[PDB]
>>> print(open('query33.cif').read())   # mmCIF, C-alpha atoms and all ligand atoms
data_input
loop_
_atom_site.label_atom_id
_atom_site.label_comp_id
_atom_site.auth_asym_id
_atom_site.auth_seq_id
_atom_site.Cartn_x
_atom_site.Cartn_y
_atom_site.Cartn_z
CA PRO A 1 -259.78 -21.99 -231.40
CA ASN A 2 -257.08 -21.69 -228.72
CA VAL A 3 -253.56 -21.40 -230.17
CA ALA A 4 -250.80 -22.86 -227.98
CA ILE A 5 -247.08 -23.65 -228.33
CA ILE A 6 -245.77 -27.04 -227.16
CA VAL A 7 -241.99 -27.49 -226.89
CA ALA A 8 -239.31 -29.48 -225.04
CA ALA A 9 -236.26 -27.42 -224.05
CA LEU A 10 -233.07 -27.94 -222.02
CA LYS A 11 -232.36 -25.30 -219.35
CA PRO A 12 -230.94 -22.72 -219.15
CA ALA A 13 -230.06 -22.10 -222.82
CA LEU A 14 -233.42 -23.53 -224.03
CA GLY A 15 -231.85 -25.76 -226.70
CA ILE A 16 -234.03 -27.97 -228.90
CA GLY A 17 -231.94 -29.60 -231.65
CA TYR A 18 -228.52 -30.45 -233.06
CA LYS A 19 -227.64 -30.81 -236.77
CA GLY A 20 -231.32 -30.62 -237.78
CA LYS A 21 -232.66 -33.24 -235.35
CA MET A 22 -233.51 -33.73 -231.65
CA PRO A 23 -230.55 -34.72 -229.44
CA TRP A 24 -232.74 -36.65 -226.96
CA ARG A 25 -235.36 -39.41 -227.05
CA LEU A 26 -237.68 -39.31 -224.03
CA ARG A 27 -240.30 -42.08 -224.00
CA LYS A 28 -242.75 -40.59 -221.47
CA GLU A 29 -242.51 -37.12 -223.05
CA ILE A 30 -243.65 -38.46 -226.45
CA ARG A 31 -246.62 -40.11 -224.69
CA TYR A 32 -247.43 -36.71 -223.15
CA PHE A 33 -247.06 -35.08 -226.59
CA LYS A 34 -249.52 -37.53 -228.18
CA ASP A 35 -252.17 -37.25 -225.44
CA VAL A 36 -252.44 -33.45 -225.05
CA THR A 37 -252.53 -32.61 -228.78
CA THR A 38 -255.31 -35.18 -229.42
CA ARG A 39 -257.68 -35.00 -226.42
CA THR A 40 -260.88 -33.02 -227.06
CA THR A 41 -263.58 -31.84 -224.63
CA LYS A 42 -266.27 -30.99 -227.20
CA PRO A 43 -268.14 -33.74 -229.12
CA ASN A 44 -267.27 -34.52 -232.78
CA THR A 45 -264.27 -32.14 -232.77
CA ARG A 46 -260.53 -32.54 -233.44
CA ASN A 47 -257.37 -30.57 -232.62
CA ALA A 48 -254.99 -29.13 -235.22
CA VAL A 49 -251.18 -29.13 -235.29
CA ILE A 50 -249.16 -26.48 -237.16
CA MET A 51 -245.56 -27.28 -238.11
CA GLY A 52 -242.72 -26.04 -240.32
CA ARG A 53 -241.58 -27.52 -243.64
CA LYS A 54 -238.32 -28.88 -242.19
CA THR A 55 -240.11 -30.54 -239.25
CA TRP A 56 -242.55 -32.30 -241.62
CA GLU A 57 -239.60 -33.75 -243.57
CA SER A 58 -237.80 -34.89 -240.39
CA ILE A 59 -240.93 -36.70 -239.17
CA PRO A 60 -241.00 -40.36 -240.40
CA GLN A 61 -242.32 -40.54 -243.99
CA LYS A 62 -244.52 -43.59 -243.28
CA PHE A 63 -245.89 -42.22 -240.00
CA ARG A 64 -247.08 -38.93 -241.53
CA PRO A 65 -249.50 -37.21 -241.26
CA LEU A 66 -250.07 -37.51 -237.49
CA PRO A 67 -253.23 -39.60 -236.83
CA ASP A 68 -256.37 -38.12 -235.18
CA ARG A 69 -254.89 -34.63 -235.72
CA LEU A 70 -255.13 -31.99 -238.46
CA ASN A 71 -251.62 -31.53 -239.87
CA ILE A 72 -250.83 -28.02 -241.14
CA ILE A 73 -247.48 -27.30 -242.83
CA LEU A 74 -246.24 -23.71 -243.17
CA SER A 75 -244.54 -22.85 -246.47
CA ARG A 76 -244.11 -19.61 -248.43
CA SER A 77 -243.79 -21.59 -251.68
CA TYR A 78 -247.14 -23.38 -251.38
CA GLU A 79 -250.50 -21.61 -251.70
CA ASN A 80 -253.40 -21.76 -249.23
CA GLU A 81 -254.73 -25.15 -250.36
CA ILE A 82 -256.37 -28.30 -248.98
CA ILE A 83 -254.82 -31.54 -250.28
CA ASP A 84 -256.67 -34.13 -248.17
CA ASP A 85 -258.61 -34.56 -244.90
CA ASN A 86 -255.46 -34.39 -242.74
CA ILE A 87 -252.85 -32.45 -244.75
CA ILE A 88 -253.27 -28.71 -245.42
CA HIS A 89 -250.63 -26.34 -246.82
CA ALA A 90 -250.76 -22.66 -245.80
CA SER A 91 -248.59 -19.53 -246.08
CA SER A 92 -249.44 -18.08 -242.65
CA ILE A 93 -251.16 -19.12 -239.40
CA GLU A 94 -253.77 -16.36 -239.78
CA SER A 95 -254.85 -17.76 -243.17
CA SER A 96 -254.97 -21.38 -241.95
CA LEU A 97 -257.51 -20.56 -239.22
CA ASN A 98 -259.95 -18.94 -241.68
CA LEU A 99 -259.67 -21.84 -244.15
CA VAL A 100 -260.66 -24.60 -241.68
CA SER A 101 -263.81 -24.78 -239.54
CA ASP A 102 -264.86 -26.74 -236.41
CA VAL A 103 -261.45 -26.92 -234.68
CA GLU A 104 -261.24 -26.92 -230.87
CA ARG A 105 -257.51 -26.44 -230.15
CA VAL A 106 -254.48 -25.36 -232.20
CA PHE A 107 -250.97 -26.58 -231.35
CA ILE A 108 -247.54 -25.43 -232.57
CA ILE A 109 -245.15 -28.39 -232.73
CA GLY A 110 -242.06 -26.97 -234.50
CA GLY A 111 -239.64 -25.85 -235.45
CA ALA A 112 -237.04 -23.22 -234.50
CA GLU A 113 -238.02 -20.75 -237.25
CA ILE A 114 -241.70 -21.22 -236.34
CA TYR A 115 -241.18 -20.97 -232.56
CA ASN A 116 -239.23 -17.69 -232.64
CA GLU A 117 -241.75 -15.92 -234.90
CA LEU A 118 -245.05 -17.19 -233.45
CA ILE A 119 -244.09 -16.36 -229.84
CA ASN A 120 -244.57 -12.66 -230.68
CA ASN A 121 -248.07 -13.26 -232.09
CA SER A 122 -251.36 -12.21 -230.47
CA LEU A 123 -253.04 -15.53 -231.35
CA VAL A 124 -250.77 -17.52 -229.01
CA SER A 125 -251.91 -17.30 -225.38
CA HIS A 126 -250.61 -20.54 -223.81
CA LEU A 127 -247.24 -22.31 -223.70
CA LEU A 128 -246.71 -26.00 -222.88
CA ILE A 129 -242.94 -25.87 -222.32
CA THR A 130 -241.27 -29.01 -220.97
CA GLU A 131 -238.27 -27.77 -218.96
CA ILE A 132 -235.50 -30.39 -219.08
CA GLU A 133 -232.63 -30.35 -216.56
CA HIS A 134 -229.13 -31.84 -216.92
CA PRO A 135 -226.17 -31.93 -214.47
CA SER A 136 -223.75 -31.06 -217.30
CA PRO A 137 -225.44 -28.80 -219.92
CA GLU A 138 -222.11 -28.11 -221.68
CA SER A 139 -221.60 -31.81 -222.51
CA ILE A 140 -224.55 -32.07 -224.93
CA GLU A 141 -223.78 -30.62 -228.37
CA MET A 142 -226.22 -27.85 -229.34
CA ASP A 143 -226.50 -25.24 -232.10
CA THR A 144 -230.26 -24.59 -232.20
CA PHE A 145 -231.68 -22.42 -229.40
CA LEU A 146 -235.04 -20.87 -228.51
CA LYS A 147 -235.45 -17.08 -228.35
CA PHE A 148 -238.36 -16.60 -225.94
CA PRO A 149 -238.93 -13.51 -223.77
CA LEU A 150 -240.16 -15.46 -220.72
CA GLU A 151 -240.03 -12.24 -218.66
CA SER A 152 -243.29 -11.14 -220.33
CA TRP A 153 -244.86 -14.53 -219.55
CA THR A 154 -246.28 -15.80 -216.24
CA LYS A 155 -245.66 -19.37 -215.04
CA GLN A 156 -248.98 -20.99 -214.09
CA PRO A 157 -249.31 -23.53 -211.22
CA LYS A 158 -249.82 -27.30 -211.65
CA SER A 159 -253.57 -26.99 -210.97
CA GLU A 160 -254.00 -24.76 -214.04
CA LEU A 161 -251.97 -27.22 -216.13
CA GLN A 162 -254.14 -30.16 -214.99
CA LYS A 163 -257.28 -28.38 -216.26
CA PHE A 164 -255.63 -27.82 -219.66
CA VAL A 165 -254.58 -31.48 -220.09
CA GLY A 166 -257.67 -33.01 -218.44
CA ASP A 167 -257.17 -36.43 -216.86
CA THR A 168 -253.63 -36.79 -218.26
CA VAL A 169 -251.09 -38.07 -215.71
CA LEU A 170 -248.55 -35.38 -214.76
CA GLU A 171 -245.48 -36.77 -212.98
CA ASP A 172 -243.04 -34.58 -211.04
CA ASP A 173 -239.29 -34.89 -211.77
CA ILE A 174 -239.33 -37.58 -214.48
CA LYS A 175 -235.84 -39.11 -214.58
CA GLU A 176 -234.72 -40.73 -217.84
CA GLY A 177 -230.99 -41.49 -217.83
CA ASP A 178 -229.44 -38.15 -216.89
CA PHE A 179 -232.32 -35.91 -218.00
CA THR A 180 -234.98 -34.64 -215.58
CA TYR A 181 -238.01 -32.82 -217.03
CA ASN A 182 -241.17 -31.11 -215.76
CA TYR A 183 -244.33 -29.94 -217.55
CA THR A 184 -245.17 -26.24 -217.12
CA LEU A 185 -247.94 -23.88 -218.26
CA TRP A 186 -247.31 -20.28 -219.32
CA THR A 187 -249.79 -17.43 -219.90
CA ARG A 188 -249.39 -13.82 -221.09
CA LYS A 189 -248.85 -11.24 -218.34
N1 LIG B 201 -237.82 -30.61 -228.74
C1 LIG B 201 -238.81 -30.04 -229.42
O1 LIG B 201 -239.98 -29.58 -228.77
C2 LIG B 201 -238.69 -29.89 -230.91
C3 LIG B 201 -237.46 -29.53 -231.48
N2 LIG B 201 -237.39 -29.18 -232.80
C4 LIG B 201 -236.07 -28.81 -233.37
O2 LIG B 201 -236.17 -27.63 -234.16
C5 LIG B 201 -235.45 -27.76 -235.37
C6 LIG B 201 -236.35 -27.40 -236.55
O3 LIG B 201 -236.33 -26.00 -236.75
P1 LIG B 201 -236.01 -25.37 -238.20
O4 LIG B 201 -234.78 -26.00 -238.74
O5 LIG B 201 -236.07 -23.89 -238.07
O6 LIG B 201 -237.26 -25.85 -239.09
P2 LIG B 201 -238.79 -25.37 -239.13
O7 LIG B 201 -239.70 -26.45 -238.70
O8 LIG B 201 -238.98 -24.16 -238.31
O9 LIG B 201 -239.05 -25.03 -240.69
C7 LIG B 201 -238.37 -23.98 -241.33
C8 LIG B 201 -238.90 -23.91 -242.76
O10 LIG B 201 -240.28 -23.63 -242.75
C9 LIG B 201 -240.61 -22.58 -243.64
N3 LIG B 201 -241.11 -21.41 -242.89
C10 LIG B 201 -240.59 -20.91 -241.72
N4 LIG B 201 -241.32 -19.84 -241.34
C11 LIG B 201 -242.30 -19.64 -242.24
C12 LIG B 201 -243.31 -18.69 -242.33
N5 LIG B 201 -243.43 -17.74 -241.40
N6 LIG B 201 -244.20 -18.72 -243.40
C13 LIG B 201 -244.07 -19.70 -244.36
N7 LIG B 201 -243.06 -20.64 -244.27
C14 LIG B 201 -242.18 -20.62 -243.22
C15 LIG B 201 -239.34 -22.23 -244.41
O11 LIG B 201 -239.37 -22.86 -245.67
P3 LIG B 201 -239.94 -22.13 -246.98
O12 LIG B 201 -239.06 -20.96 -247.34
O13 LIG B 201 -239.93 -23.14 -248.11
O14 LIG B 201 -241.36 -21.66 -246.75
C16 LIG B 201 -238.22 -22.81 -243.57
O15 LIG B 201 -237.20 -23.34 -244.38
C17 LIG B 201 -234.95 -29.19 -235.47
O16 LIG B 201 -233.54 -29.19 -235.44
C18 LIG B 201 -235.52 -29.91 -234.26
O17 LIG B 201 -234.53 -30.64 -233.58
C19 LIG B 201 -238.52 -29.16 -233.58
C20 LIG B 201 -239.75 -29.51 -233.04
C21 LIG B 201 -239.84 -29.87 -231.70
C1 LIG B 202 -242.46 -35.64 -229.37
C2 LIG B 202 -241.35 -34.60 -229.25
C3 LIG B 202 -241.93 -33.21 -228.96
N1 LIG B 202 -242.17 -32.88 -227.62
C4 LIG B 202 -242.70 -31.63 -227.26
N2 LIG B 202 -242.92 -31.34 -225.98
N3 LIG B 202 -243.00 -30.70 -228.25
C5 LIG B 202 -242.76 -31.01 -229.60
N4 LIG B 202 -243.04 -30.11 -230.54
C6 LIG B 202 -242.23 -32.26 -229.95
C7 LIG B 202 -242.00 -32.56 -231.33
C8 LIG B 202 -241.80 -32.81 -232.52
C9 LIG B 202 -241.58 -33.08 -233.94
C10 LIG B 202 -241.03 -34.49 -234.18
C11 LIG B 202 -239.85 -34.65 -234.92
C12 LIG B 202 -239.34 -35.93 -235.15
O1 LIG B 202 -238.19 -36.10 -235.87
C13 LIG B 202 -237.01 -36.09 -235.05
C14 LIG B 202 -240.02 -37.05 -234.64
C15 LIG B 202 -241.19 -36.88 -233.90
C16 LIG B 202 -241.86 -37.99 -233.39
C17 LIG B 202 -241.31 -38.71 -232.32
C18 LIG B 202 -241.98 -39.82 -231.81
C19 LIG B 202 -243.19 -40.22 -232.36
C20 LIG B 202 -243.75 -39.50 -233.42
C21 LIG B 202 -243.08 -38.39 -233.94
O2 LIG B 202 -244.93 -40.09 -233.77
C22 LIG B 202 -245.29 -40.83 -232.61
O3 LIG B 202 -244.04 -41.24 -232.05
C23 LIG B 202 -241.69 -35.60 -233.68
#
>>> encode(input="query33.cif", output="structure tokens")
Amino acid sequence: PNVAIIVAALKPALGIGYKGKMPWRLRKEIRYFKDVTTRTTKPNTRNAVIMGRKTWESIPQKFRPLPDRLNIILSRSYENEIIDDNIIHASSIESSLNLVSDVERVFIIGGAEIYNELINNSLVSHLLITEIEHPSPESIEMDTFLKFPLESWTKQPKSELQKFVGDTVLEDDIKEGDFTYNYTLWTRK
């Protein structure tokens, strides 16, 4: 299964959150998030999403786990166990892949502690970074930042991104309030 990292970051500091939660609510970006992590090319198969313990708690308690997707929560306290059909607790990402079978794609959906560690892993080959632009980056309060070495990564064209998402609509320069974001694909050099 292909392991990929999906994230929304504000240029150029690559910020993601403030005081434990996201400092922006983009309606079309959430729709993009729901479509890519669910869509499958192979018959009778489903995609998996790996998240941190703090992200799982921040996600609405009545709207968890995420429907149509295999929810995997990383925790050093919990053992490699299967609770139900959708929720699986694992210590590492290498152990979670061996435990589950018949999975097409694997997505990494948060958070900061997970992003910074899994970027330097051989399993991850693709990045679905949503680069957000703002006229005044200093105005938005931020304390959480991404530590990615994008110099070792190659930015793929829009045609390569379209193949990865399928028939998902990709709009250029999506303006919501003051924010302007674009979907980009990244592969290892
Ligand atoms: N815009 C975006 O694309 C998104 C932004 N975010 C932002 O990121 C922030 C969340 O990041 P953060 O606070 O770091 O929370 P995380 O989701 O990264 O979870 C951290 C917790 O997960 C556990 N953990 C971390 N690494 C491992 C590991 N390697 N093995 C086992 N367990 C591990 C630890 O708990 P334990 O010791 O119990 O195991 C730790 O306390 C939020 O503020 C949010 O705003 C998050 C998702 C998306
Ligand atoms: C959807 C935001 C997002 N975008 C991208 N590009 N990558 C990501 N990893 C994420 C994310 C995330 C975790 C998260 C945290 C959260 O608490 C603040 C709420 C949501 C969330 C936000 C909107 C939702 C939803 C979940 O279910 C469907 O509608 C989702």
>>> residues_around(input="query33.cif", residues="residue 172 (chain A)", least_positions_apart="2", cutoff="7 Å", atoms="only C-alpha atoms", output="ChimeraX atom specification")
/A:170,174,182
>>> residues_near_ligand(input="query33.cif", ligand="ligand LIG 201 (chain B)", cutoff="9 Å", atoms="all atoms listed in the file", output="ChimeraX atom specification")
/A:6-10,15-24,51-58,73-78,90-93,108-118,129-130,143-146
>>> atom_distance(input="query33.cif", atom1="CA of residue 65 (chain A)", atom2="CA of residue 39 (chain A)")
17.1 Å
>>> closest_residue(input="query33.cif", among="A:162, A:187, A:86, A:71", to="ligand LIG 202 (chain B)", atoms="only C-alpha atoms and all ligand atoms")
A:71
>>> atom_distance(input="query33.cif", atom1="CA of residue 100 (chain A)", atom2="atom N4 of ligand LIG 202 (chain B)")
21.6 Å
>>> closest_residue(input="query33.cif", among="A:2, A:47, A:125, A:61", to="ligand LIG 202 (chain B)", atoms="all atoms listed in the file")
A:61
>>> atom_distance(input="query33.cif", atom1="CA of residue 94 (chain A)", atom2="atom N4 of ligand LIG 202 (chain B)")
19.7 Å
>>> closest_residue(input="query33.cif", among="A:37, A:1, A:63, A:83", to="ligand LIG 202 (chain B)", atoms="only C-alpha atoms and all ligand atoms")
A:63
>>> closest_residue(input="query33.cif", among="A:69, A:188, A:64, A:34", to="residue 165 (chain A)", atoms="all atoms listed in the file")
A:34
>>> residues_near_point(input="query33.cif", point="(-240.7, -11.5, -228.1)", cutoff="8 Å", atoms="all atoms listed in the file", output="number ranges by chain")
A: 116, 119-120, 147-149
>>> closest_residue(input="query33.cif", among="A:88, A:184, A:175, A:164", to="ligand LIG 202 (chain B)", atoms="all atoms listed in the file")
A:184
>>> residues_around(input="query33.cif", residues="residue 177 (chain A)", least_positions_apart="3", cutoff="10 Å", atoms="all atoms listed in the file", output="PDB file with C-alpha atoms, in the coordinates of the input")
ATOM      1  CA  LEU A  26    -237.680 -39.310-224.030  1.00  0.00           C
ATOM      2  CA  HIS A 134    -229.130 -31.840-216.920  1.00  0.00           C
ATOM      3  CA  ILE A 174    -239.330 -37.580-214.480  1.00  0.00           C
ATOM      4  CA  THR A 180    -234.980 -34.640-215.580  1.00  0.00           C
TER       5      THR A 180
END
>>> closest_residue(input="query33.cif", among="A:152, A:183, A:101, A:136", to="ligand LIG 202 (chain B)", atoms="all atoms listed in the file")
A:183
